[PDB]
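Take a look at this single chain, the form deposited in one PDB entry, given in structure tokens.
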């Protein structure tokens, strides 16, 4: 497949450098430099339980890409014990070949949150990376609320 081959070259050239989350406030809730976008292994992350109380969270996401992309975008789903509770769409747009970029997103909560003690270890965030319609990778991060 010509498309399959293109997705793999994009994946091969892609790196998530660092990321953080802030209350939208302005206060840093979490930050890391693990590439949570790597597919095929379940990532784990520890986040402050207070995040469950925020109406909105601001994410900063720094990434590099050898390959040019025309419409880089994400689809993210929150799963609780295997059931999708919420889905988010974010678009970055055009990506220059061999660039490093910082991408700011606003994540809003829809609905009433279960307590942290119930959620912890039972939430998975599934992320799909797209160039327009081309699925480049799928990764998963299990959340613990501390």
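Positions refer to the first chain, counted from 1. Under this definition, the rigid core comprises the largest set of C-alpha atoms superposing within 1.5 Å between the forms. Residues that one form lacks are left out of the comparison.
What comes next is about the form solved in complex with a partner chain, which does not appear here.
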{"property": "Check all three, 108, 113 and 119, heavy atom within 4.5 Å of its partner chain in the deposited complex", "result": "yes"}
{"property": "Its partner chain contact in the deposited complex: residue 38, any heavy atom under 4.5 Å", "result": "no"}
{"property": "Moved runs of 3+ residues, each with a C-alpha displacement of 2 angstroms or more between this form and the one not shown on the rigid core", "result": "108 to 110"}
